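S.K.: Show me the folded form of this:
(chains A, B, C, D, E, F, G, H, I and J)
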Amino acid sequence: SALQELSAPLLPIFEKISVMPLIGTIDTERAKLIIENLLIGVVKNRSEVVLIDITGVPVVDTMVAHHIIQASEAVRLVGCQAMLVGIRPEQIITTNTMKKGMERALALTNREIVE
Amino acid sequence: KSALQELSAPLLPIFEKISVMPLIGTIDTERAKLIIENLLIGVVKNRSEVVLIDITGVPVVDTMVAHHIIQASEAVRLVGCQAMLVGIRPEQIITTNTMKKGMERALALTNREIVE
Amino acid sequence: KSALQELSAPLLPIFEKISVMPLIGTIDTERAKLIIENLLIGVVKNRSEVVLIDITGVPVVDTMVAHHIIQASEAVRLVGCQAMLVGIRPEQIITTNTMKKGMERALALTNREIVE
Amino acid sequence: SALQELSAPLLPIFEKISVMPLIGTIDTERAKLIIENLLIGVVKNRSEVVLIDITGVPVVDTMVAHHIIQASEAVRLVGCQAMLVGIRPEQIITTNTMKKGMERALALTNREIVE
Amino acid sequence: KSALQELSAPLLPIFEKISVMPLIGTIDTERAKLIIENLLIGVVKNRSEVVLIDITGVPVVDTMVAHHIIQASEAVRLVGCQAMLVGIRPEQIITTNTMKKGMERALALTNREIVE
Amino acid sequence: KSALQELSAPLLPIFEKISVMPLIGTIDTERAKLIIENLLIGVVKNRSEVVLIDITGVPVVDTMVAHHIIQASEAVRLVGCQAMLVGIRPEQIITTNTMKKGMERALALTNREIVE
Amino acid sequence: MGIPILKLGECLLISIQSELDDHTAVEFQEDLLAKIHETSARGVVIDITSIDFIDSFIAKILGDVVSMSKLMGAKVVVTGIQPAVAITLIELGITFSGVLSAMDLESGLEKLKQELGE
Amino acid sequence: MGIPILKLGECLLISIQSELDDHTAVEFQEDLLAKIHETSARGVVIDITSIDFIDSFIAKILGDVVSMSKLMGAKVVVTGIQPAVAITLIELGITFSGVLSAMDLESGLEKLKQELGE
Amino acid sequence: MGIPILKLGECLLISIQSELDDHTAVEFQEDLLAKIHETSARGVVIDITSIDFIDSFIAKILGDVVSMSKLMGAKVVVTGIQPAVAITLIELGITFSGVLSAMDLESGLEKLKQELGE
Amino acid sequence: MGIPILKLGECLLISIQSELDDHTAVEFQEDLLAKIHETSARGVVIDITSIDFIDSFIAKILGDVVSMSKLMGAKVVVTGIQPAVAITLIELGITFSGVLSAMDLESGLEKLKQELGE
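M.R.: Numbering: from 1, shown residues only, chains lettered A, B, ... in the order given. The protein structure is shown below:
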């Protein structure tokens, strides 16, 4: 449990979040916002497909999906689980899978996949 | 007993017909279709409750879970609510009058047209 | 209190989804189906019995109604019989494998095509 | 834990390695090849841009560069360090970083993202 | 108190409304209208006194002031007069009926055409 | 008696003028605005409060009726708010900079472009 | 009883002559959606050009038949709002977004056929 | 004086140094609304990249002149927001819609010239 | 009111509720004519679909107002005559040429769009 | 400290407020060459429209940085020169050519869209 994640095709960046059985961690945000502007990624994803579940306070997780609206642009929660979205005590954009979100991630800067 | 409602899958639009079931104890129908939206790729989801008379206690499995498919994949839509169900509603979302014109606009969201 | 089936219209034809198995005593899947063909005008319909195991003594209604909708209006078909189900063969009609290709060849019988 | 995330866009299968370079974790190979053919497999990536350093055994990390050509399309090594490539007495296609290795991975199966 | 009278400033052919003041201390609209005629560069202006009834005996402060703007910048025109106002004339100047057709020929004299 | 605030009637955008009248007793700027809104029609209208110091504590007669005139007048807009006037912030409506570039976008909402 | 309805083809040009109480208005409101679902409706044009005053026992219903009939599957417009009746909505907690008001019964079809058909 | 010179192409480029308090932002509030009239502008670009810490009560004034400068006809943009100050814009009572943030002054004028003329 | 409020797109559209008397129908002819004085429309659409009984005294008025409003300067259609009233209307010996009776209200204005404004 | 933020479109816009003395100018001169060493631009605009007083020791130093940053690779253009400072430049032995003194910041970058991009 040393360091979390990043990846970068450099108009967007996107990182994966594996299963974290805690709520006290915040370094999925501060290690994200620091690198959010050290390379200028317009769109970014979350890719938290294999994560079931987060229930204590994911208000951090859904307002770090608000900082990039006021930092660069358009977070998207790629593939939330079926049980995980059942927990809602609280707009944004989202998608289903990693590639069909990527097709509408490049469609916010209009460079689609050709041929 | 006989708690087995329905699920079909015609196209990349996938709907889920709901027959008459006026009860609160259906905690299944919000989880028996969110288990489907990741099973096959459900782009747009109809519900088609044209025969359901009536309900008073629960919008939470009728409009709060409508925000779930909006954040699971996309754009759920109710099809043809009855008169007495909306005779008063003191409790947005997108609807259609009947089923044959619900599919007429659901195919527009996935960018297709049936013409010959 | 569970006498319920479901039928509506994807703009000409009529889907007919049936859940877990019926016995011989419940013949009402037939008689609540020919009523709908002269309630709304129907041409094609899909029998859509994809999740149903099994049928042991009633093909003499389930495939004998397959000449009724031909005689009533037109062109009934079965969608996706189970591999376990059709092992019973003591004794034609048009069939398919699932709804995403059963509907696609059902639109050709009513002379329409999905484009773009 | 066992986080050795894949996070695939599923026409290629790229993969991110965070720093955990020990010989007893073969799950960069054994828990990759099973998830390699779990989907249809084409060109894949490694992206060891944060790993200092390979201790004494890249045989695990270079036979896995030949245990992919058997099962799928070509692997590539993305972003090695300077001192990491010091003395290699032991080949395979490679690149400099993720923003251009992914592009020429699409230029091995003839797709492109133009404006 | 009531020393405020009126002014406005649309696109380059400006106008200046005049509401009801039938007084003899009306030298302000003789003065404060000509002030904005070169504070901003307005070529042609209006008077728009369609609700002003009436004048007592002084067109000299009302129509000779329509000769200063002929030599200040360009050709003011009267927009509408009531029939009992002009019904006595023991006394030329371009005029119009209403503002919606007076502003049409204002654009003709200053090379504009409002069409789409 | 000063029985005037101001109201003009040009072509279909029928704008208005407001001097320094910063008192709550001037409720007369409402019915004089409402009665003309069905006298002629008006698909857009302006206010042009470029001279007003200052609204004391009552925008609930100014900005509240701006959506109570959307019911008839189709999207009123403010023209030229002063510098110190917007320091009033109790807590929307389309606004602009001044008349000469407020009228033009008010002509865009009624299929009319300036062509020379 | 009192308030009729009439069709024009994918439209509904309902009218209101004069209103007295909610018991007439609920009978009017129950007449609306029963005449929605019997036919196929696409847009309802409500004419209210003949009402002197209103109160919150009545205006809450007419302020919500937009929210009723939108959920039933058709757009709605409220054409011909009077000046005195519009200023009696100032006490209400404004949610009048997409109510799509007009000026008279002619301009109702101008802003509805733009939404639907040629 | 903390309020630099800004006029460029009928747009404004007002930078910010290291702030002192919200009573310095009082001076910043008057010297932005006054310039936006006498120089008839269309969009104000703010560069808050120099600051690294902002008081919570300051951001309900710097965030509030966004509402003031929008009322005078200027869809402002807030270019270059640091990470640590954005963690003071989470526990705030956010309704930050239509603010149109950006990344740098290069991309900031690229977005503002899209919403005006060019 | 019995009479409706009526105005629709360079035509008119008058509905008729369920009625039984010729104390209503005498002023009703003036209630139709006083509108077509002020509103200059080249055709009205009288709809008598809701009625199920019209006596031979009242059938003179609807046997007149077709010929009356023609003399005012507007064509008159009559839409949706019920089978019960259409039998007993013939016992009032008609000379109906210039009635142009459509079947329903939807196909009614398609006839006056053919007459008026080709 | 009084040295604003400048990066835009592979150009530069430094400004100068009423910060007169050469206790700042020696600090300011390093703040320009190091900044243009970071962002490789070709036209550096020095807007000096604010200040009205310049001492003869500052005039050499402000006349030196235009010759320094010319050697770095940036054609420095001095826009907005007041008439009070333009009087007292010729008392110093100036040779002010090749500095391309434009009128103001609006007229500056349109003359600086000539070097870059053309």
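S.K.: ok, now which ones touch the most centrally placed residue in chain G?
M.R.: Among the residues of chain G, the one closest to the centroid is residue G:46, at 3.4 Å (CA atoms, centre = their mean). Listed by CB atoms under 8 Å, 6 or more residues apart in numbering or on different chains, the contact set of residue G:46 reads G:14, G:16, G:62, G:65, G:76-79. In short, each C-beta sits where N, CA and C put it, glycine included.
S.K.: Now intersect these with the strands, please.
M.R.: Mapping the contacts of residue G:46 onto strands (DSSP state E) picks out G:76-79.
S.K.: Just the buried ones out of the residues you listed, please.
M.R.: Buried members of the ones in strands among the contacts of residue G:46, scored by 16 or more other CB atoms under 10 Å in any protein chain shown, are G:76-79.
S.K.: So which of those is the closest to chain B?
M.R.: residue G:76 (13.1 Å; CB to the nearest CB).
S.K.: Isn't the closest one up against residue G:65?
M.R.: Yes. Contact between residue G:76 and residue G:65 holds when scored by CB atoms under 8 Å: they sit 7.2 Å apart.
S.K.: hmm, back to that, using TSV, lay out the buried ones among the ones in strands among the contacts of residue G:46 together with distance to residue C:8.
M.R.: As requested, those are exported to TSV (distance: CB to CB, whole Å):
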residue	distance to residue C:8
G:76	26
G:77	30
G:78	33
G:79	34
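S.K.: and of those, the nearest to residue D:10?
M.R.: Among those, residue G:76 lies closest to residue D:10 (CB to CB), at 45.3 Å.
S.K.: Pull out the buried residues from the helix ranked longest in chain G.
M.R.: Across chain G, the longest stretch assigned as helix under DSSP state H is helix G:22-38. If you call a residue buried by 16+ other CB under 10 Å, then helix G:22-38 has these buried ones: G:25, G:28-29, G:31-33, G:35-37.
S.K.: Widest-spaced pair of the residues you listed?
M.R.: Farthest pair in those, by CB to CB: G:25 and G:37, 19.4 Å.
S.K.: Could you pull out the strands in chain A for me?
M.R.: Here chain A has its strands, by DSSP E, at A:44-45, A:75-78, A:93-95, A:113-114.
S.K.: circling back: got TSV for the buried residues of helix G:22-38, with distance to chain D too?
M.R.: Shown next, in TSV, are these (distance: CB to the nearest CB, whole Å):
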residue	distance to chain D
G:25	58
G:28	57
G:29	53
G:31	55
G:32	51
G:33	47
G:35	52
G:36	46
G:37	45
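S.K.: State the helix or strand in which the closest residue to chain H within chain G lies.
M.R.: Per CB to the nearest CB, residue G:97 is where chain G lies closest to chain H, at 14.7 Å. Assigned by DSSP states H and E, residue G:97 belongs to no helix or strand.
S.K.: nearest residue to residue A:97 other than its sequence neighbours?
M.R.: Once flanking residues are discounted, residue A:97 sits nearest to residue A:79: 5.9 Å by CB to CB, 6 or more residues apart in numbering or on different chains.
S.K.: my read is the residue nearest to the centre of chain G is in a strand, agree?
M.R.: Yes. Counting by DSSP: H, G, I helix; E, B strand; the rest coil, residue G:46 is part of a strand.
S.K.: That one bridge partners, please.
M.R.: Legend: beta-bridge partners of residue G:46 under DSSP bridges are residue G:78.
S.K.: Other residues contacting the longest helix of chain G?
M.R.: Applying CB under 8 Å, 6+ apart, the contact partners of helix G:22-38 are B:82-83, B:86-87, B:97, G:1-3, G:5, G:12, G:14, G:16, G:19, G:41, G:44, G:57-58, G:61-62, G:65, G:68-69, G:72-74.
S.K.: that older thread, pull the most distant pair out of the ones in strands among the contacts of residue G:46.
M.R.: Going by CB to CB, the pair spanning the ones in strands among the contacts of residue G:46 furthest: G:76 and G:79, at 10.1 Å.
S.K.: What parts of chain G come near chain F?
M.R.: Neighbours of chain F within chain G, by CB under 8 Å from any CB of the partner chain: G:78, G:81-84, G:86-87, G:89-90, G:94, G:96, G:101, G:103-104, G:107.
S.K.: Write the ChimeraX selection for whichever of those residues are buried.
M.R.: Per 16+ other CB under 10 Å, the buried members of the residues of chain G next to chain F correspond to this ChimeraX selection:
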select /G:78,81,82,83,86,89,96,101,103,107
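S.K.: Among the residues of chain G next to chain F, which are located in strands?
M.R.: Those of the residues of chain G next to chain F lying in strands (DSSP E): residue G:78.
S.K.: Distance from the chain centre to stretch G:6-25, please.
M.R.: Here stretch G:6-25 is found 7 Å from its chain centre; the criterion is CA atoms, centre = their mean, to the nearest Å.
S.K.: Just the buried positions in it, please.
M.R.: Residues of stretch G:6-25 classed as buried: G:6-8, G:10-17, G:19, G:25 (neighbour count, 16+ other CB under 10 Å).
S.K.: Take that stretch, keep the C-alpha atoms, and write them as CSV.
M.R.: Only the C-alpha atoms of stretch G:6-25 are listed here, as CSV (Å, rounded to 0.1, in the frame of the first residue of the first chain):
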residue,chain,number,x,y,z
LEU,G,6,-61.4,19.7,-28.1
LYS,G,7,-58.7,18.1,-30.3
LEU,G,8,-56.9,19.3,-33.4
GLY,G,9,-54.6,16.4,-34.2
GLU,G,10,-51.7,15.7,-31.8
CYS,G,11,-52.8,18.8,-29.8
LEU,G,12,-55.4,19.8,-27.2
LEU,G,13,-56.9,23.3,-27.2
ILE,G,14,-58.5,23.4,-23.8
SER,G,15,-60.2,26.6,-22.6
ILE,G,16,-61.3,28.1,-19.4
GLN,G,17,-64.4,30.4,-19.3
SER,G,18,-64.6,31.2,-15.6
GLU,G,19,-63.4,29.5,-12.5
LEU,G,20,-65.1,29.4,-9.1
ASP,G,21,-63.6,26.8,-6.8
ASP,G,22,-61.3,23.8,-6.5
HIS,G,23,-64.3,21.5,-6.7
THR,G,24,-64.9,22.7,-10.2
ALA,G,25,-61.1,22.8,-10.8
